[PDB]
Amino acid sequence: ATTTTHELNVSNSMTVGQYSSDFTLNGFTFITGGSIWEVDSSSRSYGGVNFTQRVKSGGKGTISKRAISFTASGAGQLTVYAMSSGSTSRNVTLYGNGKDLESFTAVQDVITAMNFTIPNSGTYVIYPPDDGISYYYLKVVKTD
């Protein structure tokens, strides 16, 4: 039994553009570290859902650059739909409790569904350590 507490479908909650200052949307905080966050058109499907926009990091980053953070009120699961923005496989890393906790490989051309464990309440950071990542969908689910 779980409760969905955060959701961000980029196709429904963002619009095409370029953003250079940190902002919060649907409970997710987009952290520039002096780079641009960009929303553009990109059609990809996963699990019977069709997406039409992505938010892309524009390159590699850290927990303070091209990062996405959120605060969880308890243990649960974070879902990330992500694609490498180029032809090489690239990590998406979850940071929390003071450390890199878990990484998931994003591949070229298609969405990977990434299921990240949220072990406890707190603030967590999604970042791309290798190179640019395209994000389509984020969801946080809290264990009841």
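We number the residues from 1 along the sequence you see.
- Across the residues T93, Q108, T117, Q53, the deposited record lists the maximum Cα B factor for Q108.
- For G132, the recorded CA temperature factor ranks within the middle third of the chain's modelled residues.
- Split the chain's modelled residues into thirds by C-alpha temperature factor. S121 is in the highest one.
- In the deposited entry, the Cα temperature factor of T5 sits in the bottom third of values across the chain's modelled residues.
- Among the modelled residues of its chain, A75 has a C-alpha B-factor that falls in the middle third, as given in the PDB entry.
- Among all modelled residues in this chain, the alpha-carbon of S69 has a temperature factor (C-alpha) in the lowest third.
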